[PDB]
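Dumped upload_20.pdb below, it's PDB, C-alpha atoms and all ligand atoms:
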```pdb
ATOM      1  CA  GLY R   7      -3.803  11.899  -9.902
ATOM      2  CA  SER R   8      -3.034   8.719  -8.059
ATOM      3  CA  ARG R   9      -5.099   6.748  -5.541
ATOM      4  CA  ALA R  10      -4.491   3.682  -3.387
ATOM      5  CA  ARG R  11      -5.866   0.451  -4.924
ATOM      6  CA  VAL R  12      -7.087  -0.659  -1.476
ATOM      7  CA  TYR R  13      -8.518   1.062   1.564
ATOM      8  CA  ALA R  14      -8.838   4.309  -0.378
ATOM      9  CA  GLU R  15     -12.099   5.493   1.170
ATOM     10  CA  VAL R  16     -11.961   3.886   4.535
ATOM     11  CA  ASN R  17     -11.345   7.070   6.530
ATOM     12  CA  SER R  18     -14.091   8.922   4.694
ATOM     13  CA  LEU R  19     -16.483   6.093   5.570
ATOM     14  CA  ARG R  20     -15.715   6.396   9.295
ATOM     15  CA  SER R  21     -16.780   9.026  11.802
ATOM     16  CA  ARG R  22     -14.751  12.206  11.491
ATOM     17  CA  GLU R  23     -13.500  11.723  15.044
ATOM     18  CA  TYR R  24     -11.615   8.613  13.868
ATOM     19  CA  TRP R  25      -9.214  10.581  11.648
ATOM     20  CA  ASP R  26      -9.503  14.175  12.964
ATOM     21  CA  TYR R  27      -6.583  13.797  15.337
ATOM     22  CA  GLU R  28      -6.293  17.547  15.930
ATOM     23  CA  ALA R  29      -9.630  17.307  17.773
ATOM     24  CA  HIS R  30      -8.534  14.319  19.848
ATOM     25  CA  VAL R  31      -8.284  14.840  23.608
ATOM     26  CA  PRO R  32      -6.155  12.109  25.175
ATOM     27  CA  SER R  33      -6.659  11.071  28.759
ATOM     28  CA  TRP R  34      -3.298  11.629  30.452
ATOM     29  CA  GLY R  35      -2.489   9.318  33.356
ATOM     30  CA  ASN R  36       0.247   9.746  35.911
ATOM     31  CA  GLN R  37       3.830   9.030  34.926
ATOM     32  CA  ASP R  38       4.740   8.727  38.643
ATOM     33  CA  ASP R  39       3.574   5.089  38.470
ATOM     34  CA  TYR R  40       6.652   4.308  36.335
ATOM     35  CA  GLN R  41      10.288   3.900  37.307
ATOM     36  CA  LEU R  42      12.783   4.434  34.477
ATOM     37  CA  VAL R  43      15.430   1.699  34.415
ATOM     38  CA  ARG R  44      17.568   2.177  31.292
ATOM     39  CA  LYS R  45      17.783   4.437  28.260
ATOM     40  CA  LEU R  46      17.230   2.466  25.064
ATOM     41  CA  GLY R  47      17.382   5.161  22.411
ATOM     42  CA  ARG R  48      16.790   8.796  21.525
ATOM     43  CA  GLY R  49      15.664  10.786  18.515
ATOM     44  CA  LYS R  50      15.102  14.424  17.745
ATOM     45  CA  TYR R  51      11.495  14.170  19.004
ATOM     46  CA  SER R  52      11.679  11.649  21.857
ATOM     47  CA  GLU R  53      13.751   9.525  24.232
ATOM     48  CA  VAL R  54      12.923   5.921  25.013
ATOM     49  CA  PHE R  55      13.430   4.012  28.256
ATOM     50  CA  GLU R  56      12.878   0.586  29.682
ATOM     51  CA  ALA R  57      10.745   1.077  32.785
ATOM     52  CA  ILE R  58       8.783  -0.720  35.521
ATOM     53  CA  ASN R  59       5.228   0.058  36.587
ATOM     54  CA  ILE R  60       5.752   0.181  40.347
ATOM     55  CA  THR R  61       2.097  -0.541  41.085
ATOM     56  CA  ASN R  62       2.091  -4.014  39.439
ATOM     57  CA  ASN R  63       5.787  -4.776  38.600
ATOM     58  CA  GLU R  64       5.134  -4.788  34.845
ATOM     59  CA  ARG R  65       8.119  -4.084  32.596
ATOM     60  CA  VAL R  66       7.253  -1.533  29.901
ATOM     61  CA  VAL R  67       8.820   0.981  27.506
ATOM     62  CA  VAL R  68       8.316   4.731  28.093
ATOM     63  CA  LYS R  69       8.758   7.144  25.174
ATOM     64  CA  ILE R  70       9.014  10.735  26.414
ATOM     65  CA  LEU R  71       7.760  13.209  23.833
ATOM     66  CA  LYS R  72       9.111  16.697  23.230
ATOM     67  CA  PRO R  73       6.035  18.687  24.371
ATOM     68  CA  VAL R  74       6.150  21.583  21.837
ATOM     69  CA  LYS R  75       4.834  19.394  19.008
ATOM     70  CA  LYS R  76       1.224  19.252  20.092
ATOM     71  CA  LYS R  77      -0.358  18.333  16.756
ATOM     72  CA  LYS R  78       2.157  15.541  16.152
ATOM     73  CA  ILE R  79       1.578  14.211  19.675
ATOM     74  CA  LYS R  80      -2.157  14.015  19.050
ATOM     75  CA  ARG R  81      -1.507  12.317  15.702
ATOM     76  CA  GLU R  82       0.677   9.566  17.147
ATOM     77  CA  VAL R  83      -1.680   9.012  20.113
ATOM     78  CA  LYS R  84      -4.818   8.831  17.986
ATOM     79  CA  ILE R  85      -3.158   6.491  15.466
ATOM     80  CA  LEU R  86      -1.965   4.162  18.227
ATOM     81  CA  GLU R  87      -5.399   4.148  19.842
ATOM     82  CA  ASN R  88      -7.049   3.383  16.496
ATOM     83  CA  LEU R  89      -4.606   0.486  15.961
ATOM     84  CA  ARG R  90      -4.990  -1.057  19.386
ATOM     85  CA  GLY R  91      -5.325  -4.782  19.212
ATOM     86  CA  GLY R  92      -3.941  -4.959  15.672
ATOM     87  CA  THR R  93      -1.749  -7.940  14.959
ATOM     88  CA  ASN R  94       1.939  -7.223  15.552
ATOM     89  CA  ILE R  95       1.403  -3.525  16.203
ATOM     90  CA  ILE R  96       3.150  -2.375  19.355
ATOM     91  CA  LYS R  97       0.602  -2.120  22.164
ATOM     92  CA  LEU R  98       0.077   1.341  23.651
ATOM     93  CA  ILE R  99      -0.605   0.623  27.341
ATOM     94  CA  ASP R 100      -1.186   4.235  28.376
ATOM     95  CA  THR R 101      -0.675   7.910  27.689
ATOM     96  CA  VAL R 102       0.823   9.654  30.721
ATOM     97  CA  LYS R 103       2.279  12.987  31.838
ATOM     98  CA  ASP R 104       4.773  14.108  34.451
ATOM     99  CA  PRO R 105       2.095  15.578  36.747
ATOM    100  CA  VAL R 106       4.156  18.712  37.429
ATOM    101  CA  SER R 107       5.817  19.584  34.116
ATOM    102  CA  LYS R 108       2.956  18.119  32.056
ATOM    103  CA  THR R 109       5.482  16.642  29.600
ATOM    104  CA  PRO R 110       3.693  13.781  27.826
ATOM    105  CA  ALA R 111       4.907  10.230  27.351
ATOM    106  CA  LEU R 112       3.695   6.988  25.790
ATOM    107  CA  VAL R 113       3.825   3.672  27.634
ATOM    108  CA  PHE R 114       4.263   0.578  25.477
ATOM    109  CA  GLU R 115       4.473  -3.140  25.999
ATOM    110  CA  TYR R 116       8.001  -4.399  26.449
ATOM    111  CA  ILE R 117       9.704  -6.581  23.840
ATOM    112  CA  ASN R 118      13.189  -8.065  24.117
ATOM    113  CA  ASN R 119      14.639  -7.205  20.661
ATOM    114  CA  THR R 120      17.451  -9.046  18.941
ATOM    115  CA  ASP R 121      19.806  -6.536  17.307
ATOM    116  CA  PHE R 122      18.927  -6.583  13.623
ATOM    117  CA  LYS R 123      22.461  -6.251  12.205
ATOM    118  CA  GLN R 124      23.468  -9.558  13.758
ATOM    119  CA  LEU R 125      20.079 -11.231  13.272
ATOM    120  CA  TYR R 126      19.869 -10.558   9.550
ATOM    121  CA  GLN R 127      23.073 -12.484   8.946
ATOM    122  CA  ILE R 128      21.768 -15.680  10.629
ATOM    123  CA  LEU R 129      18.146 -15.955   9.477
ATOM    124  CA  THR R 130      17.097 -19.158   7.704
ATOM    125  CA  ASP R 131      14.888 -19.236   4.606
ATOM    126  CA  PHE R 132      11.901 -20.152   6.769
ATOM    127  CA  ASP R 133      12.722 -17.433   9.301
ATOM    128  CA  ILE R 134      12.679 -14.735   6.602
ATOM    129  CA  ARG R 135       9.350 -15.989   5.288
ATOM    130  CA  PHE R 136       7.952 -16.101   8.832
ATOM    131  CA  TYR R 137       9.072 -12.636   9.921
ATOM    132  CA  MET R 138       8.098 -11.000   6.632
ATOM    133  CA  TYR R 139       4.648 -12.597   6.982
ATOM    134  CA  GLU R 140       4.329 -11.275  10.538
ATOM    135  CA  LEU R 141       5.366  -7.770   9.423
ATOM    136  CA  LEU R 142       2.860  -7.929   6.565
ATOM    137  CA  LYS R 143       0.108  -8.690   9.104
ATOM    138  CA  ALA R 144       0.913  -5.405  10.835
ATOM    139  CA  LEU R 145       1.004  -3.415   7.598
ATOM    140  CA  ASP R 146      -2.197  -4.938   6.239
ATOM    141  CA  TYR R 147      -3.820  -4.086   9.558
ATOM    142  CA  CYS R 148      -2.704  -0.462   9.683
ATOM    143  CA  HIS R 149      -3.482   0.083   5.986
ATOM    144  CA  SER R 150      -6.962  -1.409   6.579
ATOM    145  CA  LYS R 151      -7.290   1.142   9.418
ATOM    146  CA  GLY R 152      -6.533   3.974   7.005
ATOM    147  CA  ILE R 153      -2.977   4.569   8.234
ATOM    148  CA  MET R 154       0.396   4.708   6.452
ATOM    149  CA  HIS R 155       3.372   3.995   8.726
ATOM    150  CA  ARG R 156       5.901   5.927   6.589
ATOM    151  CA  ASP R 157       8.995   4.763   8.484
ATOM    152  CA  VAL R 158       9.288   1.013   7.902
ATOM    153  CA  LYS R 159      12.898  -0.074   8.446
ATOM    154  CA  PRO R 160      14.746  -2.686  10.531
ATOM    155  CA  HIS R 161      15.144  -0.353  13.526
ATOM    156  CA  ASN R 162      11.333  -0.012  13.690
ATOM    157  CA  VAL R 163      10.633  -3.749  13.421
ATOM    158  CA  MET R 164      11.377  -5.254  16.828
ATOM    159  CA  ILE R 165      12.002  -8.985  16.678
ATOM    160  CA  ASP R 166      12.374 -11.219  19.728
ATOM    161  CA  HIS R 167      14.032 -14.139  17.969
ATOM    162  CA  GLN R 168      13.746 -16.367  21.026
ATOM    163  CA  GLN R 169       9.956 -16.100  21.395
ATOM    164  CA  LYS R 170       9.428 -15.433  17.662
ATOM    165  CA  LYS R 171       7.553 -12.166  18.404
ATOM    166  CA  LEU R 172       7.545  -9.180  16.037
ATOM    167  CA  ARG R 173       6.234  -5.673  16.679
ATOM    168  CA  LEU R 174       6.094  -2.648  14.353
ATOM    169  CA  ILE R 175       7.071   0.407  16.438
ATOM    170  CA  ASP R 176       7.626   4.182  16.114
ATOM    171  CA  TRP R 177       4.348   5.521  14.784
ATOM    172  CA  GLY R 178       5.631   9.087  15.050
ATOM    173  CA  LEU R 179       5.726   9.589  11.267
ATOM    174  CA  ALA R 180       2.471   7.743  10.545
ATOM    175  CA  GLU R 181      -0.427   9.523   8.875
ATOM    176  CA  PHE R 182      -4.015   8.980   7.787
ATOM    177  CA  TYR R 183      -4.556   8.289   4.084
ATOM    178  CA  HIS R 184      -7.132  10.450   2.315
ATOM    179  CA  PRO R 185      -7.503  10.166  -1.485
ATOM    180  CA  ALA R 186      -5.879  12.965  -3.457
ATOM    181  CA  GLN R 187      -4.162  14.380  -0.362
ATOM    182  CA  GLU R 188      -0.624  15.651  -0.907
ATOM    183  CA  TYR R 189       1.795  14.533   1.780
ATOM    184  CA  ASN R 190       5.224  15.647   2.893
ATOM    185  CA  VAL R 191       7.916  13.629   1.128
ATOM    186  CA  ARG R 192      10.348  14.119   4.055
ATOM    187  CA  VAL R 193       9.414  10.789   5.616
ATOM    188  CA  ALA R 194      11.102   7.401   6.012
ATOM    189  CA  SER R 195      14.833   6.600   6.390
ATOM    190  CA  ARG R 196      16.992   7.361   3.370
ATOM    191  CA  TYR R 197      17.619   3.697   2.508
ATOM    192  CA  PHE R 198      13.885   2.884   2.727
ATOM    193  CA  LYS R 199      12.487   5.879   0.868
ATOM    194  CA  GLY R 200      10.416   4.932  -2.150
ATOM    195  CA  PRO R 201      11.202   6.507  -5.521
ATOM    196  CA  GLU R 202       8.047   8.607  -5.189
ATOM    197  CA  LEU R 203       9.599  10.427  -2.223
ATOM    198  CA  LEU R 204      12.957  10.835  -3.961
ATOM    199  CA  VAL R 205      11.308  12.501  -6.991
ATOM    200  CA  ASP R 206       9.100  14.761  -4.799
ATOM    201  CA  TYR R 207       5.804  13.081  -5.712
ATOM    202  CA  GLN R 208       3.414  14.016  -2.903
ATOM    203  CA  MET R 209       0.273  12.053  -3.856
ATOM    204  CA  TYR R 210       1.529   8.775  -2.365
ATOM    205  CA  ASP R 211      -0.255   6.116  -0.338
ATOM    206  CA  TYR R 212       0.106   2.875   1.692
ATOM    207  CA  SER R 213       2.241   1.518  -1.160
ATOM    208  CA  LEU R 214       5.166   3.581   0.174
ATOM    209  CA  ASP R 215       5.348   1.087   3.056
ATOM    210  CA  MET R 216       5.437  -1.783   0.561
ATOM    211  CA  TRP R 217       8.561  -0.313  -1.079
ATOM    212  CA  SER R 218      10.191  -0.152   2.338
ATOM    213  CA  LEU R 219       9.131  -3.736   3.070
ATOM    214  CA  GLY R 220      10.612  -4.802  -0.261
ATOM    215  CA  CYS R 221      13.901  -3.170   0.701
ATOM    216  CA  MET R 222      13.886  -5.195   3.919
ATOM    217  CA  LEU R 223      13.075  -8.422   2.050
ATOM    218  CA  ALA R 224      15.941  -7.814  -0.395
ATOM    219  CA  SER R 225      18.361  -7.199   2.468
ATOM    220  CA  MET R 226      17.317 -10.421   4.175
ATOM    221  CA  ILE R 227      17.400 -12.804   1.199
ATOM    222  CA  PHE R 228      20.557 -11.270  -0.318
ATOM    223  CA  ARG R 229      22.418 -10.340   2.913
ATOM    224  CA  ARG R 230      23.167  -6.822   1.718
ATOM    225  CA  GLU R 231      21.907  -4.491   4.451
ATOM    226  CA  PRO R 232      20.781  -1.873   3.660
ATOM    227  CA  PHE R 233      20.067  -3.051   0.150
ATOM    228  CA  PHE R 234      20.114   0.364  -1.553
ATOM    229  CA  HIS R 235      22.844   2.331   0.236
ATOM    230  CA  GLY R 236      22.636   5.915  -0.961
ATOM    231  CA  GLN R 237      24.991   8.604   0.316
ATOM    232  CA  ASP R 238      22.244  11.284   0.185
ATOM    233  CA  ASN R 239      18.721  11.462  -1.249
ATOM    234  CA  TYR R 240      19.999  12.124  -4.767
ATOM    235  CA  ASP R 241      22.377   9.191  -4.677
ATOM    236  CA  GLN R 242      19.607   7.023  -3.215
ATOM    237  CA  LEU R 243      17.646   7.305  -6.444
ATOM    238  CA  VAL R 244      20.793   6.617  -8.492
ATOM    239  CA  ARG R 245      21.356   3.426  -6.487
ATOM    240  CA  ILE R 246      17.781   2.347  -7.221
ATOM    241  CA  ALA R 247      18.087   3.190 -10.938
ATOM    242  CA  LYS R 248      21.238   1.125 -11.272
ATOM    243  CA  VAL R 249      19.070  -1.899 -10.409
ATOM    244  CA  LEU R 250      15.616  -1.074 -11.755
ATOM    245  CA  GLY R 251      16.886   0.795 -14.845
ATOM    246  CA  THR R 252      16.839   4.388 -16.067
ATOM    247  CA  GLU R 253      14.469   3.974 -19.030
ATOM    248  CA  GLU R 254      12.077   2.355 -16.572
ATOM    249  CA  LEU R 255      12.367   5.328 -14.209
ATOM    250  CA  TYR R 256      11.539   7.724 -17.025
ATOM    251  CA  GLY R 257       8.433   5.695 -17.927
ATOM    252  CA  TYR R 258       7.225   6.003 -14.331
ATOM    253  CA  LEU R 259       7.849   9.749 -14.287
ATOM    254  CA  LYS R 260       5.999  10.169 -17.562
ATOM    255  CA  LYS R 261       2.972   8.197 -16.367
ATOM    256  CA  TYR R 262       2.505  10.432 -13.302
ATOM    257  CA  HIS R 263       3.634  13.675 -14.958
ATOM    258  CA  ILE R 264       6.493  13.970 -12.505
ATOM    259  CA  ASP R 265       9.044  16.708 -12.832
ATOM    260  CA  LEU R 266      12.627  15.669 -12.123
ATOM    261  CA  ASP R 267      14.979  17.978 -10.282
ATOM    262  CA  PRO R 268      17.599  18.852 -12.910
ATOM    263  CA  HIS R 269      20.454  17.959 -10.611
ATOM    264  CA  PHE R 270      19.599  14.336 -11.419
ATOM    265  CA  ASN R 271      20.581  14.762 -15.079
ATOM    266  CA  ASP R 272      24.273  14.795 -14.206
ATOM    267  CA  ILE R 273      24.255  11.778 -11.879
ATOM    268  CA  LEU R 274      21.662   9.196 -13.066
ATOM    269  CA  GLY R 275      23.657   7.964 -16.047
ATOM    270  CA  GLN R 276      22.253   5.183 -18.223
ATOM    271  CA  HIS R 277      21.490   1.806 -16.670
ATOM    272  CA  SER R 278      19.761  -1.314 -17.881
ATOM    273  CA  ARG R 279      17.286  -3.081 -15.634
ATOM    274  CA  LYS R 280      19.132  -5.843 -13.792
ATOM    275  CA  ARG R 281      17.969  -9.386 -13.235
ATOM    276  CA  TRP R 282      17.346 -10.106  -9.546
ATOM    277  CA  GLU R 283      19.360 -13.320  -9.930
ATOM    278  CA  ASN R 284      22.447 -11.064 -10.327
ATOM    279  CA  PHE R 285      22.439 -10.612  -6.536
ATOM    280  CA  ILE R 286      22.771 -14.337  -5.783
ATOM    281  CA  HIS R 287      26.111 -15.774  -4.782
ATOM    282  CA  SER R 288      27.389 -18.566  -2.613
ATOM    283  CA  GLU R 289      26.774 -16.624   0.633
ATOM    284  CA  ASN R 290      23.015 -16.108   0.059
ATOM    285  CA  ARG R 291      21.917 -18.828  -2.368
ATOM    286  CA  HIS R 292      20.157 -20.874   0.329
ATOM    287  CA  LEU R 293      17.820 -17.924   1.062
ATOM    288  CA  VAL R 294      16.828 -17.234  -2.561
ATOM    289  CA  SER R 295      14.158 -19.143  -4.451
ATOM    290  CA  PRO R 296      12.108 -18.421  -7.578
ATOM    291  CA  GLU R 297       9.223 -17.520  -5.269
ATOM    292  CA  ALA R 298      11.314 -15.033  -3.316
ATOM    293  CA  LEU R 299      12.497 -13.333  -6.496
ATOM    294  CA  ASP R 300       9.014 -13.151  -7.972
ATOM    295  CA  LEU R 301       7.677 -11.550  -4.798
ATOM    296  CA  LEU R 302      10.590  -9.100  -4.589
ATOM    297  CA  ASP R 303      10.163  -8.098  -8.241
ATOM    298  CA  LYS R 304       6.510  -7.244  -7.488
ATOM    299  CA  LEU R 305       7.411  -5.047  -4.457
ATOM    300  CA  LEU R 306      10.502  -3.152  -5.710
ATOM    301  CA  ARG R 307       8.748  -1.438  -8.620
ATOM    302  CA  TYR R 308       8.928   2.257  -9.436
ATOM    303  CA  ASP R 309       5.175   2.439 -10.034
ATOM    304  CA  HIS R 310       3.724   2.621  -6.527
ATOM    305  CA  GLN R 311       0.278   1.727  -7.786
ATOM    306  CA  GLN R 312       1.514  -1.556  -9.303
ATOM    307  CA  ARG R 313       3.343  -2.792  -6.209
ATOM    308  CA  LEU R 314       1.611  -5.579  -4.333
ATOM    309  CA  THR R 315      -0.635  -4.561  -1.476
ATOM    310  CA  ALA R 316       0.240  -6.047   1.921
ATOM    311  CA  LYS R 317      -2.606  -8.543   1.441
ATOM    312  CA  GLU R 318      -1.485  -9.523  -2.076
ATOM    313  CA  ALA R 319       2.004 -10.054  -0.714
ATOM    314  CA  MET R 320       0.661 -12.234   2.111
ATOM    315  CA  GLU R 321      -1.172 -14.307  -0.502
ATOM    316  CA  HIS R 322       1.978 -14.936  -2.552
ATOM    317  CA  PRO R 323       3.297 -18.517  -2.796
ATOM    318  CA  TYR R 324       6.483 -17.470  -1.018
ATOM    319  CA  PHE R 325       4.494 -17.538   2.225
ATOM    320  CA  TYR R 326       2.702 -20.857   1.656
ATOM    321  CA  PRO R 327       5.176 -22.738   3.924
ATOM    322  CA  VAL R 328       4.390 -20.276   6.720
ATOM    323  CA  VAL R 329       0.621 -20.526   6.278
ATOM    324  CA  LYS R 330       0.840 -24.321   6.215
ATOM    325  CA  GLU R 331       2.878 -24.448   9.435
ATOM    326  CA  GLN R 332       0.412 -21.986  11.020
ATOM    327  CA  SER R 333      -2.457 -24.446  10.502
ATOM    328  CA  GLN R 334      -0.564 -27.726  11.066
TER     329      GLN R 334
HETATM  330 CL1  LIG R 401      11.464   0.377  22.064
HETATM  331  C1  LIG R 401      10.159   1.351  21.407
HETATM  332  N1  LIG R 401      10.533   2.446  20.808
HETATM  333  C2  LIG R 401       9.552   3.180  20.258
HETATM  334  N2  LIG R 401       9.692   4.342  19.581
HETATM  335  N3  LIG R 401       8.448   4.694  19.190
HETATM  336  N4  LIG R 401       7.543   3.777  19.618
HETATM  337  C3  LIG R 401       8.220   2.840  20.310
HETATM  338  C4  LIG R 401       7.820   1.660  20.955
HETATM  339  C5  LIG R 401       8.839   0.939  21.524
HETATM  340 BR1  LIG R 401       8.380  -0.633  22.474
HETATM  341 CL    CL R 402       2.315  14.776   5.589
END
```

As a first step, turn the structure in this file into structure tokens.
Amino acid sequence: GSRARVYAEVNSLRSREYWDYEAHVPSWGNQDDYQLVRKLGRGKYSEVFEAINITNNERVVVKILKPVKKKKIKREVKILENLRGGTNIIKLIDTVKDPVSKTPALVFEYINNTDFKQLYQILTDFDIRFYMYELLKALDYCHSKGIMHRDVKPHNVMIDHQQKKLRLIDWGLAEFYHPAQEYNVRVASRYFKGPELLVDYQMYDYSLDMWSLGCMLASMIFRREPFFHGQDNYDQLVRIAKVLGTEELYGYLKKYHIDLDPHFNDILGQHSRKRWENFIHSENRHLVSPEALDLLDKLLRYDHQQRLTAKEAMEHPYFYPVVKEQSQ
């Protein structure tokens, strides 16, 4: 079918206990050590709070899980434990329960995030290179650990723009990659869904995250956020095809023997592939370079298996100024 070009066998080469999250037995500490201070956020599966550990005054984040989802809890816990110490991955400090209700929660390191909508309108060329490089470190790490994030988007990339700290958060959709495994396509945010998801291709891999990263890069260098702004999942693919081209979409589908939902026939139209320079204008020109466009062109590709890996992206000339500053 399709396989990842990198890290394809790494889970099979590890002990089964590494990836068999259903067999994982977390050690649940006591949530009574934590005082909730402020609600940050809330999703269908969890609610997130700033908190203080009253035993040592440490400020933390507590994510309270909805307890009915036992397999998904084990998955997120095991993934976070496997990733501990990875560069720019949010640090899981502990797994705790309310000692009476037994409702589980995750305790994370605190980061003071700069709201992305405002931030992405004031980044410099160097800043974009720097933060994209830092995010790539996290993705290369998790991919090397056999894990796809599957929900890369600005809201899951915390950036403290004062300390220049970045953390990739919300591992609740992440999964272990196993070659030939068919995965649920109902992952990622609409605007960050790769074409593979939108055409119901289940044999995807780490490269899904590289599409999402490309979407973020485009939004930063062009100042159009989100970059591909679909109204629903059907329209999302139309928005992509109006840039990447319809003949090019059909070549991708043919290569992977992908069946297209016939509702698309009435909405895709006919679109030439657009030059990335078409998105430049006076408001973003200072963020766009030949390097940036070359990198973007190699990320925002229909063919998931031809997109750059996180490592190949990190090795692109676009990041040379960051690497050089990092050593001098
Ligand atoms: Cl703020 C925050 N939110 C999260 N949602 N899932 N994991 C998370 C980690 C942090 Br820190
Ligand atoms: Cl899945």

Test item: the PyMOL selection byres (((chain R and resi 234) around 8) and not hetatm) resolved as JSON, numbers by chain: {"R": [197, 198, 221, 231, 232, 233, 235, 236, 242, 245, 246]}

Surrounding residues of residue R:264 excluding itself and chain neighbours under 4 positions, 8 Å, all atoms listed in the file, as a PyMOL selection string: chain R and resi 205+207+259-260

All residues having an atom within 8 Å of ligand CL 402 (chain R) (all atoms listed in the file) as number ranges by chain: R: 181, 188-191

Can you build me a table of chain R residues sitting at most 10 Å from ligand LIG 401 (chain R), with the closest atom pair per residue and its distance in Å to one decimal, using all atoms listed in the file, sorted by chain and residue number, as a Markdown table?
```
| residue | atom | partner | partner_atom | distance |
| --- | --- | --- | --- | --- |
| R:45 | CA | R:LIG401 | CL1 | 9.7 |
| R:46 | CA | R:LIG401 | CL1 | 6.8 |
| R:47 | CA | R:LIG401 | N1 | 7.5 |
| R:48 | CA | R:LIG401 | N2 | 8.6 |
| R:49 | CA | R:LIG401 | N2 | 8.9 |
| R:51 | CA | R:LIG401 | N3 | 10.0 |
| R:52 | CA | R:LIG401 | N2 | 7.9 |
| R:53 | CA | R:LIG401 | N2 | 8.1 |
| R:54 | CA | R:LIG401 | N1 | 6.0 |
| R:55 | CA | R:LIG401 | CL1 | 7.4 |
| R:56 | CA | R:LIG401 | CL1 | 7.8 |
| R:66 | CA | R:LIG401 | BR1 | 7.6 |
| R:67 | CA | R:LIG401 | BR1 | 5.3 |
| R:68 | CA | R:LIG401 | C5 | 7.6 |
| R:69 | CA | R:LIG401 | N2 | 6.3 |
| R:70 | CA | R:LIG401 | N2 | 9.4 |
| R:71 | CA | R:LIG401 | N3 | 9.7 |
| R:82 | CA | R:LIG401 | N4 | 9.3 |
| R:86 | CA | R:LIG401 | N4 | 9.6 |
| R:95 | CA | R:LIG401 | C4 | 9.5 |
| R:96 | CA | R:LIG401 | BR1 | 6.3 |
| R:97 | CA | R:LIG401 | BR1 | 7.9 |
| R:98 | CA | R:LIG401 | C4 | 8.2 |
| R:112 | CA | R:LIG401 | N4 | 8.0 |
| R:113 | CA | R:LIG401 | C4 | 8.0 |
| R:114 | CA | R:LIG401 | BR1 | 5.2 |
| R:115 | CA | R:LIG401 | BR1 | 5.8 |
| R:116 | CA | R:LIG401 | BR1 | 5.5 |
| R:117 | CA | R:LIG401 | BR1 | 6.2 |
| R:118 | CA | R:LIG401 | CL1 | 8.9 |
| R:119 | CA | R:LIG401 | CL1 | 8.3 |
| R:161 | CA | R:LIG401 | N1 | 9.1 |
| R:162 | CA | R:LIG401 | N2 | 7.5 |
| R:163 | CA | R:LIG401 | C1 | 9.5 |
| R:164 | CA | R:LIG401 | CL1 | 7.7 |
| R:173 | CA | R:LIG401 | BR1 | 8.0 |
| R:174 | CA | R:LIG401 | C4 | 8.1 |
| R:175 | CA | R:LIG401 | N4 | 4.7 |
| R:176 | CA | R:LIG401 | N3 | 3.2 |
| R:177 | CA | R:LIG401 | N4 | 6.1 |
| R:178 | CA | R:LIG401 | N3 | 6.7 |
| R:179 | CA | R:LIG401 | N3 | 9.7 |
```

Protein, DNA and RNA residues within 10 Å of (20.1, -4.8, 17.3), all atoms listed in the file, as JSON, numbers by chain: {"R": [119, 120, 121, 122, 123, 124, 125, 126, 160, 161, 164, 165]}

Selection under test: the PyMOL selection byres (((chain R and resi 250-252) around 12) and not hetatm); residues as an MDAnalysis selection string: chainID R and resid 201 234 243:249 253:259 270:271 273:282 302:309

Residue among R:88, R:41, R:50, R:132 lying closest to residue R:24, counting only C-alpha atoms: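 Ranked by minimum distance to residue R:24, first place goes to R:88.
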
Residue with smallest distance to residue R:111 - pool R:36, R:218, R:333, R:208, counting only C-alpha atoms: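 The closest residue to residue R:111 is R:36.
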
Atomic separation - atom CA of residue R:310 relative to atom CA of residue R:262, Å: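 Those two atoms sit 10.4 Å apart.
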
Option closest in space to residue R:230, from R:288, R:332, R:295, R:127 [counting all atoms listed in the file]: R:127

Atom pair atom CA of residue R:327 / atom CA of residue R:131: separation (Å):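 Value for the atom CA of residue R:327-atom CA of residue R:131 distance: 10.3 Å.
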
Using all atoms listed in the file, which residues sit within 6 Å of residue R:228 once same-chain residues fewer than 3 positions away are excluded, as a CSV table (one decimal) with C-alpha atoms, in the frame of the given file?
```
chain,number,residue,atom,x,y,z
R,224,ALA,CA,15.9,-7.8,-0.4
R,225,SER,CA,18.4,-7.2,2.5
R,290,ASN,CA,23.0,-16.1,0.1
```

Answer key for the PyMOL selection byres (((chain R and resi 211) around 8) and not hetatm), residues as a list in words: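 Evaluating the PyMOL selection byres (((chain R and resi 211) around 8) and not hetatm) on this file yields residues 9, 10, 154, 183, 209, 210, 212, 213 and 214 of chain R.
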
For stretch 88-103 of chain R, what centre and edge lengths in Å (one decimal) does the axis-aligned box get once 3 Å is added on each side of all its listed atoms, as lines of an AutoDock Vina configuration file?
```
center_x = -1.9
center_y = 2.5
center_z = 23.4
size_x = 16.2
size_y = 26.9
size_z = 22.9
```

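Taking atom CA of residue R:8 as the reference point, atom CA of residue R:199 is found at 18.1 Å.
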